[PDB]
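Note that PDB author numbering has the sequence shown beginning at 4, numbered continuously upward.
Cβ coordinates follow ideal geometry from the N, Cα and C atoms, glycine included.
Here is the structure we will look at.
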Amino acid sequence: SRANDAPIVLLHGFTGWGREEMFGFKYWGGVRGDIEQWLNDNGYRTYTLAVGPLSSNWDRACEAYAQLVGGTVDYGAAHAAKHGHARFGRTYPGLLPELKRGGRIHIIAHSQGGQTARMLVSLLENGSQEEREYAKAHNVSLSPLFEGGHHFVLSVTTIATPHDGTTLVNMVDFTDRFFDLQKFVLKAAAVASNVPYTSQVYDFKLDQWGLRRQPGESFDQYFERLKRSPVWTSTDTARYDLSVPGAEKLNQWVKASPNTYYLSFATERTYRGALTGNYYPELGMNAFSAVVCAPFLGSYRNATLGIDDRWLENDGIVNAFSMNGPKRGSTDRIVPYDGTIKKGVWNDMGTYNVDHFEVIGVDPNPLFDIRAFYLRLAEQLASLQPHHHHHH
Ligand SMILES: [Ca+2]
Ligand SMILES: [Zn+2]
């Protein structure tokens, strides 16, 4: 039964865009419809965040905070100075100014969005010691995000998240294939990549780096430029955080809050080869992943990196082993779901037979009842007790 009235906030991964972008084709629902609308129609207040798809989790978390409470994005003086980008970003009205008076939210995050959600909770609760020290030493102002003491996230649910990274980044042609993936998602929305649309269509939100698609430039041309830009070559990127080493680094500081419920959902769309031990793409897996990514994910081993046979099962984009919660470089605890959703730990909800993009509806799958999946989840989140009492 309903135990809380906290709104749900949706958060995309390394692909993703606002509700008005992509001519209205939703990241959350894709060819299946509009998940946010379904939830609202069923009585679960739901909102959508749109942050830089290729940006670092840190940048995205600062953007999410501002988008939630309102104001001008502040990446932190220390951070900005370390990485060489602007300290201030775009300005937002604030989706939920209610959070500045004591409200809470549930975040449902897909792909990288799960790393961002975790980091947002960590910064909200603990702030950043490095930013506080830098403000004290240099007399710069400090965003409240870095002070600590905010407890506005009741839960975080991750779906297909590379908590321990994805080996996809280890492909020798990853740079070219990753951008081909962005082209594939544009294709899902019936948008061409070789056309210089005057409309923005898909905004990468690279204000901090000073990058934007120019007049006369197609997505193909733009992506060529992004490949040689700091959002692709620096460590302050989705590229880095998505990697196994980068994810491990993030895990070393981004911990589970004792005050928050965590739910993890894994995805797989593969079968095992009996003679090779490799994993292969199932029929119905999105066409891009099936040809370009899945074969590699299902066969790449790297002993010194710790990539063993457990990593081969995948959803076309991320290794299933990486999805139940952070493990590499992490102190977080993961407990298999048994009917009781425990606080301050990852409740491993298991593995679902769907593809990285099918789970959000960007790729079709008539056998996956997407509406039921999200409604069931919404019901579960609404049942969470904001305060648990100890008992026998
Ligand atoms: Ca499919
Ligand atoms: Zn940054």
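#### Entry: Beta-carbon spacing of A250, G168 below 8 angstroms
In terms of Cβ geometry, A250 and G168 form a close pair [threshold 8 angstroms].
### Query
Under a three-way DSSP split, which group does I310 fall into?
Strand at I310.
### Message
Residues around ligand 1, please: the ones whose beta-carbon is closer than 7 angstroms to some heavy atom of it, in chain order.
### Response
Output, sorted by chain position: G287, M288, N289, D358, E361, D366, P367 and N368.
#### Entry: Nearest-residue set for ligand 2, Cβ under 6 angstroms from any heavy atom
Taken from the N-terminal end onward, the list reads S59, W61, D62, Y78, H82, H86, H88 and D239.
#### Entry: Where the alpha helix (DSSP H) through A297 begins and ends
From DSSP, the alpha helix (DSSP H) with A297 extends over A297 to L300.
### Message
For a quick check, are the C-beta atoms of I110 and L14 less than 8 angstroms apart?
### Response
Taking 8 angstroms as the Cβ cut-off, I110 and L14 qualify as a contacting pair.
### For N129, the three-state DSSP class (helix, strand or coil)
If DSSP states are grouped into helix, strand and coil, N129 belongs with the helices.
#### Entry: Inter-residue Cα distance where the pair is residue 1 and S59
Shown here, the chain extends from 4 to 395; a query on residue 1 therefore has no answer.
#### Entry: Element boundaries [alpha helix (DSSP H), containing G249]
Segment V247 to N254, the alpha helix (DSSP H) holding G249.
### Query
So, helix, strand or coil for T75, using DSSP?
When secondary structure is reduced to three states using DSSP, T75 falls in the strand class.
### Query
Under a three-way DSSP split, which group does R275 fall into?
Strand at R275.
### Task
Name the one or two DSSP bridge partners that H113 has.
DSSP lists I162 as partners of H113.
### Task
Assign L184 to one of two classes, buried (16 or more other C-beta atoms within 10 Å of its C-beta) or exposed (fewer than that).
Buried, by the Cβ-count rule.
### Message
Within the continuous alpha helix (DSSP H) that includes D183, where are the two ends?
### Response
Where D183 is concerned, the enclosing alpha helix (DSSP H) stretches over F177 to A191.
### According to DSSP, residues forming a beta bridge with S267
The partner list for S267 (beta bridge, DSSP) reads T161 and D351.
### Alpha-carbon spacing of residue 439 relative to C65, whole angstroms
With the chain represented from 4 up to 395, any question about residue 439 goes unanswered, as that position is not in the structure.
### Message
Residues in the same chain with beta-carbon distance under 8 angstroms from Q255, minus the five sequence neighbours each way, listed in chain order, please.
### Response
Counting only Cβ-Cβ distances below 8 angstroms, and skipping sequence neighbours, we find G332 and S333.
### Task
Within its chain, find whatever has a CB closer than 8 angstroms to the CB of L214; leave out the 5 residues flanking it on each side and keep chain order.
So the list reads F207, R228, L229, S232 and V234, once near-sequence residues are dropped.
### Query
For the alpha helix (DSSP H) that contains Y377, what are its first and last residues?
The continuous alpha helix (DSSP H) containing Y377 extends over residues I373 to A385.
### Query
Any idea if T263 is buried or exposed, counting beta-carbon neighbours within 10 angstroms, 16 or more meaning buried?
Around the CB of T263, 16 or more other CB atoms lie within 10 Å, so the residue is classed as buried.
### Query
Apart from the five residues on each side of it in sequence, which residues of its chain come closer than 7 angstroms, Cβ to Cβ, to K345?
Same-chain partners within the cutoff: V338.
### Message
Taking the straight line between their C-alpha atoms, what separation do you get for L98 and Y30?
### Response
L98 and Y30 have their C-alpha atoms roughly 18 angstroms apart.
### Query
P96 to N129, Cα distance in whole Å?
Their Cα atoms are separated by approximately 25 angstroms.
### Task
With a threshold of 16 other CB atoms inside 10 Å of the CB of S386, please say whether the residue is buried or exposed.
With fewer than 16 Cβ atoms within 10 Å of its Cβ, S386 is classed as exposed.
### Query
Taking buried to mean at least 16 other C-beta atoms within 10 Å of its own C-beta, is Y137 buried or exposed?
Under this definition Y137 is a buried residue.
### Query
Could you give the residue range of the beta strand (DSSP E) that holds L171?
Counting along the chain, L171 falls outside any beta strand (DSSP E), and DSSP gives it neither H nor E.
### Task
Go to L52, then tell me how far its beta strand (DSSP E) extends in each direction, as first and last residue.
Looking at the DSSP string, the run of the beta strand (DSSP E) that includes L52 is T49 to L52.
### Query
What number of angstroms, rounded off, separates the C-alpha of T178 from the C-alpha of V194?
Rounded to the nearest whole angstrom, the CA to CA distance from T178 to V194 is 21 angstroms.
#### Entry: Given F17 as reference, the closest of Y377, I320, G364 and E382 once Cα atoms are compared
Taking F17 as reference, the option from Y377, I320, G364 and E382 with the minimal CA-CA separation is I320.
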